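Residues per chain are reported as follows:
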Amino acid sequence: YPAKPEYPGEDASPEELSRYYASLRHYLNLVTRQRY
């Protein structure tokens, strides 16, 4: 589980959280290239 933080939810702003979402998606986008 390379960097698997928990999501905030609908607590933060619709833009601020949307930015943070990139860090979450980036993790998955790093797992979408499994090797060995």
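See the structure printed just above.
Chemist: Explain the overall build of the chain here, please?
Modeler: In terms of helices and strands, the chain carries one helix and zero strands. By principal-axis analysis of the C-alpha atoms, the chain measures approximately 40 × 15 × 10 Å. For the chain, with 36 residues in total, the buried portion stands at 8%. Counting every atom, the chain has about 3,800 Å² of accessible surface; 51% of that belongs to carbon and sulfur.

Chemist: Help me out: how do you make sense of the environment of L30 in this one?
Modeler: Along the chain, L30 turns up in helix 1 (residues 16-31). For the pair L30 and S13, spaced 17 residues apart in sequence, the C-alpha to C-alpha distance is 26 Å.

Chemist: Is there a simple way to think about a negative patch on the surface in this case?
Modeler: Taken together, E10, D11, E15 and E16 make up a surface patch of like negative charges. Tracing the sequence through the fold places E10 in the segment before helix 1. Take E10: its relative accessible area is 81%, and that puts it in the exposed class.

Chemist: It is not clear to me how the packing of aromatic side chains should be interpreted in this structure. Could you clarify?
Modeler: Any aromatic ring pair is given by two values, namely how distant the centres are and how the planes are angled relative to each other. Using the criterion set out here, one finds two aromatic pairs in the structure. Three or more aromatic residues joined by ring pairs make a cluster, and in this case those are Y7, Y20 and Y21.

Chemist: Hey, could you run me through unusual backbone geometry in this one?
Modeler: Most peptide bonds are trans, and most residues other than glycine sit at a negative phi. Phi is positive for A3, which is not a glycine, with a value near 50 degrees. In this fold, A3 is placed in the segment before helix 1. Under the relative-accessibility criterion, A3 is labelled exposed at 56%. Located in the positive-phi region is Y36, a residue other than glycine, with phi close to 60 degrees. Tracing the sequence through the fold places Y36 in the segment after helix 1.

Scoring rules and cut-offs
Residues numbered from 1 in each chain as written, not as in the entry; some residues may be left out. Heavy atoms only, no water. Helix = DSSP H or I, 4+ residues; strand = E, 2+ residues; numbered from the N terminus. Buried < 20%, exposed > 50% of the residue type's maximum accessible area, 1.4 Å probe, protein only. Areas by Shrake-Rupley, 256 points an atom, 1.4 Å probe, with all protein chains shown as cover. Patch = residues over 30% accessible without salt bridge, like charges linked within 9 Å, V, L, I, M, F, W, Y side chains within 5 Å. Salt bridge = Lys/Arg side-chain N within 4 Å of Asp/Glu carboxyl O. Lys, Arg positive; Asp, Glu negative; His and termini not counted. Charge placed at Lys NZ, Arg CZ, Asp CG, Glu CD. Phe/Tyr/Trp six-rings, centres within 6.5 Å; stacked < 30°, edge-to-face > 60°.

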